Each structure stands twice: as structure tokens, then as C-alpha cells.
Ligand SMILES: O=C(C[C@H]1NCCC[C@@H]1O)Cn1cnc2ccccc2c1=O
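Next up: just one chain, as C-alpha cells, the form solved without this ligand.
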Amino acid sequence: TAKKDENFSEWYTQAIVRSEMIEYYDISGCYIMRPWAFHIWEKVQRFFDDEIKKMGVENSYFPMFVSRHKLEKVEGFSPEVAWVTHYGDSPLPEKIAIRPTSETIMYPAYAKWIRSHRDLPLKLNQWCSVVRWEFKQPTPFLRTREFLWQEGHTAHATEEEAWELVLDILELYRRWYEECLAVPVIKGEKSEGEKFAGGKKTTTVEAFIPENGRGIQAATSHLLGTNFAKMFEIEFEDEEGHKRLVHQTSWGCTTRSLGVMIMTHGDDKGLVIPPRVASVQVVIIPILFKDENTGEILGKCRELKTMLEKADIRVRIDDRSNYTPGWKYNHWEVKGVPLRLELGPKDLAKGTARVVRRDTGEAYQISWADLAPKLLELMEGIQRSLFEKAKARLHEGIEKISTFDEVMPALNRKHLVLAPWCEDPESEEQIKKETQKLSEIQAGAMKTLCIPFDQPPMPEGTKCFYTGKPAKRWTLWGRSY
């Protein structure tokens, strides 16, 4: 009912409801991931895990609790600590905390495990859930009490090796978004005001939501440097016998990616799932009505399913008798299955099937023998087309500007701005506050999204679009999630 361009958050809520991706729950901010959503997580998890295993990153599991004494005697997703005080009706002798971060457990372990240069590099990953206690206005995948992620943490003898890993991981995050989810992203560096607190440098991939003009951070990969090694005394004796601090990285990516995929590819009809991650790629809809199944149509449906599955196509036959074919068409459209295969009496009488693409609605009459190759072709086409259209929208959403008087216009067009910036942090705070004020008066704030790796030329003497001081680099700004 709600149109994506007119009432975006209503559209998002409804499209997620009707798609059966999630279910509600009696504790606020929590959402059940049903298979239609969880399978997408499984796909990107397998891709990213295969790739980091090639880099020698090994998975691990740390306890979810920290002792009161370890906390009393690192910035997390919650400012305060959640305490477990009882088991059943019995008070614990000492209350324990749900860990605010994994770093508080992992880094003391790293300080024990690393003693010598022979022990480096150390590369660990953990797939797990994460809890937040101070979410506001929850919404599936974007603002939740609990989400899923992977977090990698590595330690190296040199900063050069650590940085190399940071960038390799950022490239894997680009591939996670662009090759699996068909979502284009922009590689860049965070501002001093937006990077990880105690780290040296934060790199990020950023996406864009045209319907509200907002940038959204897709994933991050931090050069932590030696600051945490000094805090946690993670030292190694080098080849010459001198004690040195390790150079660390950490990197994470969450189920927020599913939300970004949803928002990127949905239309007024509902979700559109990229074929590479869809739980079902082709739904076979028999043109049947209740109490009339002779076996002719369902038998051919089953033969077609077998044939498609031998080409590794994920197929479901919706043979539920109590629904009309048109009901099923709309049901699977709203889920965003990328292809629908229609088989009725006429198709049986002709040796063909009618196949409809979800992204464009185009229909193809395809002989049974041709189904498996043609479908593979179509799915790649759909995947590619989903990405390129999104990429086009991304580039139409960014305006390259020179001066501050160009900001509020572009923000009113629901656009990001790429502007020469002196990178002075106080100026980012000033720009946020005054774009926020301006927005208020006009009826919010605009902040740095990233400093892109891809830098256009900077003419000699170009001045900062805000302070008028010498500009350092081109910086991508916008309203933000």
C-alpha cells in the first residue's frame, strides 16, 4: 500500500512485514529472523568466511560474560553494563556483566598469547550476536536490541602489514555488498571525529539511500595502531630482543547489510532479492484450483524442479490449494523472489513455461528443454541489472560543490555533497550544528560520511568549502543514519 518514494519508513515496515523476513517478539527491539532473511545472512556469511579463511583468519568463540572484578580493576554498543545477578531465584555470589565489548576479553588473551615475533601475525574472527541496550525507535535490521555480525581482530609486528590487512578486509566488504547484495558502496576514510575512538585510522564502505537522501555506513575496518597494545600490554620481543608493541586491526559487518539491501532494491510492490542470496531463486506456481489436482500439472512441476536443481537453482513449488494463482503471484512478488515460473494447462499443452522477472516484470515463454540455461542467464542479468541501476542512482545522488552556499540546496534535493575540506575537526562539529539549525529554521544535521579513496584532482590553492582555509581532500558529506 505505502509507496517507497512517498512514505519510505512506512514502505520499509510494510515490505518487511509482508515478505515474512522477520517476526515480532515480546521484548522490545528484538526481531526473529525467519529463513527468508536468515538465508541471506547464511550466504554472505559463507562468502566472507571463505575469503577470510584464505587470509589465514581463524574463527573462535569468547564467553559473553565479564566479571565485576575485571571491569572494576573500550567503547561498546552501550554506555553502561547489563548485569546478571541471579540464577533462578538464587542471587549469584558476585554479579556478572554481559561483556560491553569483545576487546575487554580478547585483548588480555592476546597479551598472554603473544610473546615473540614468532607469534605474529595473530588473526582471529568471531561470528556472534551483539546486544544494545539504548536503541531508539527500533526497526528491523537498522535499530535493534540484538543483531548478528562478525568481528575480526588481528595483531601484527608492523603497521604496514596491519594496514595491508585493513584494506584487504575493506575490499572483502566491498565484495560482500557489491557482488552478493548488488549494493554499490564507496570506500573511504572516516573523519577524525567519526573514526573509532582509540584507533589510528578507520576505513569504511558507505552506501546511499536515495528515498531519504541519507548515507549509511555499510561496514568498517580499523587500523587500531598501538594504542590498545599499550593499554593491554600486548608486547612482543623482536628479532633483536627488544620489546615492541603489536599493531592491531579490527573489523566488523552486521545484519544491517540486509536492511541496506532491502532499501536499495525494493520497489512499490515489495522486496526484490538479488538471485545470489535469495533463499528461493525460482518459484514454480502451478495454475491450479482446489480439489482439481489430476497430477498432470504438479507432475511436470516436479520434473521441472528436479531439472532446475541439477543446475544448482534453488526452487520451490507453491502447490498450496487454498490460494488462487494470482494470490501466489502477489505473495511471491512481495517476498521478492527473483523469478516466477508459471505452469498451467496451456503451458503443458505447448511444452513451454511462462517466466517472469521480479525486477522489471518482463515475461518469457521458454521451452522446457531451455529452462535451465535461460534461467541461469536471467538470474545473472537480474543480479547485474540490480547493481548497475543502484550504482546509477548512487552517482546521481552526489553533487560536487565548492562553497557552503551550495550545501542546503543539495541537501534539499536529498543528495550528498562532495566538497573540498580542510579536515579540521572543530569545523565538522560547526558544520553539523549549523546545517542542523538551518534545517530547523527551514521547516537534520549533515556530517562527514567518508573521505573517499577515489580522490578527484585538487587544484592548487582550493579552499575549504566551509572555513575558507586551504582544502586538504575531497570529503563526502550528507544527512546520515
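Between two forms, the rigid core is defined as the largest C-alpha subset superposing within 1.5 Å. Start at 1 with the first residue shown and count on from there.
Visitor: For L71, do at least a third of the other compared PDB entries give no atomic coordinates?
Guide: Missing in at least a third of the others, so yes.
Visitor: Can you count, per the entry, how many deposited residues between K73 and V74 come without coordinates? Answer none, 1 to 3, 4 to 9, or 10 or more.
Guide: Gap between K73 and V74: 4 to 9 unmodelled residues.
Visitor: Answer with none, 1 to 3, 4 to 9, or 10 or more: how many deposited residues between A443 and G444 are not present in the coordinates.
Guide: The entry has a long gap there, with 10 or more residues left out between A443 and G444.
Visitor: Do the CA atoms of 321-329 or those of 156-164 have the higher mean B-factor in the entry?
Guide: Mean CA B-factor is higher for 321-329.
Visitor: Name the higher of the two by mean Cα B-factor in the PDB entry, 219-227 versus 406-414.
Guide: Looking at the record's C-alpha B-factors, the answer is 406-414.
Visitor: So among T202, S257, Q126, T101, who wins on Cα B-factor in the entry?
Guide: The C-alpha B-factor peaks, among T202, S257, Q126, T101, at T101.
Visitor: In terms of CA temperature factor as recorded, identify the highest of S250, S279, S78, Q150.
Guide: Each of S250, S279, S78, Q150 was compared by C-alpha B-factor; the highest is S78.
Visitor: Using the B-factor values recorded in the entry, state whether the Cα atom of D312 falls in the lowest, middle or highest third among the modelled residues of its chain.
Guide: For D312, whose C-alpha B-factor we compare with every modelled residue in the chain, the answer is the highest third.
Visitor: Which third, lowest, middle or highest, does the CA B-factor of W11 fall in along this chain?
Guide: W11: CA B-factor falls in the middle third of its chain.
Visitor: Of the three thirds of its chain by CA temperature factor, lowest, middle or highest, which one includes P274?
Guide: Lowest third - that is where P274 ends up once the chain's C-alpha B-factors are sorted.
Visitor: Using the temperature factors of the C-alpha atoms in this entry, rank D424 within its chain: lowest, middle or highest third.
Guide: CA B-factor rank for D424: highest third.
Visitor: Using only modelled residues of the chain, where does the Cα B factor of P93 rank: lowest third, middle third or highest third?
Guide: Highest third of the chain for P93's C-alpha B-factor.
The same protein has a further form, the form deposited with this ligand bound, not shown here; the description that follows concerns it.
Visitor: Taking the pose of this ligand in the bound PDB entry and superimposing the site C-alphas, would you call this form open or blocked (blocked if 3 or more ligand atoms are within 2.4 Å of a backbone or C-beta atom)?
Guide: Answer blocked: 3 or more ligand atoms come within 2.4 Å of backbone or C-beta.
Visitor: Pick the stretch from 382-390, 218-226, 317-325, 355-363 whose residues have a heavy atom within 4.5 Å of this ligand in the bound PDB entry.
Guide: Heavy atoms within 4.5 Å of this ligand in the bound PDB entry occur in 218-226.
Visitor: Can you tell me if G252 lies within 4.5 angstroms of this ligand in the bound PDB entry, counting non-hydrogen atoms only?
Guide: Yes, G252 is a contact residue.
Visitor: Can you tell me if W149 lies within 4.5 angstroms of this ligand in the bound PDB entry, counting non-hydrogen atoms only?
Guide: Yes, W149 sits close enough to this ligand in the bound PDB entry that at least one of its heavy atoms falls within 4.5 Å.
Visitor: Evaluate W113 for contact with this ligand in the bound PDB entry, applying a 4.5 angstroms cut-off between non-hydrogen atoms, and reply yes or no.
Guide: No, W113 sits far enough from this ligand in the bound PDB entry that none of its heavy atoms falls within 4.5 Å.
Visitor: Can you check whether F289 is within 4.5 Å of this ligand in the bound PDB entry, heavy atom basis?
Guide: Looking in the bound PDB entry, residue contacts with this ligand do not include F289, since no heavy atom lies within 4.5 Å.
Visitor: So which of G266, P121, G213, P100 gets a non-hydrogen atom within 4.5 Å of this ligand in the bound PDB entry?
Guide: Looking at the other structure, the residue within range turns out to be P100.
Visitor: I need to confirm a contact call. Of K230, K374, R175, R132, which residue comes within 4.5 Å of this ligand in the bound PDB entry, counting heavy atoms only?
Guide: Only one option qualifies, and that one is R132.
Visitor: Between 181-202 and this ligand in the bound PDB entry, list the residues on our side with a heavy atom within 4.5 Å.
Guide: Contacting residue: only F196.
Visitor: Might you check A109, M408, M307, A82 and identify the only one whose CA position changes by 2 Å or more between this form and the one not shown on rigid-core superposition?
Guide: So the only displaced C-alpha belongs to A82.
Visitor: Checking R68 here: with the core superposed, does its CA move 2 Å or more between this form and the one not shown?
Guide: Yes, shifts by 2 Å or more.
Visitor: Can a Cα shift of no less than 2 Å be assigned to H247 between this form and the one not shown, given superposition on the rigid core?
Guide: Shift at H247: below 2 Å after core fit.
Visitor: Answer yes if the Cα of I96 shifts by 2 angstroms or more between this form and the one not shown on a rigid-core superposition, and no otherwise.
Guide: Yes, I96 moves 2 Å or more.
Visitor: How does the CA gap of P100 and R174 change in the bound PDB entry versus this form, closer or farther, if it moves 3 angstroms or more?
Guide: Between the C-alphas of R174 and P100, the gap narrows in the bound PDB entry (3 Å or more compared with this form).
Visitor: Which way does the C-alpha gap of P100 and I216 go in the bound PDB entry, closer or farther, given it changes by 3 angstroms or more?
Guide: Here the pair is farther apart than in the bound PDB entry; there, closer.
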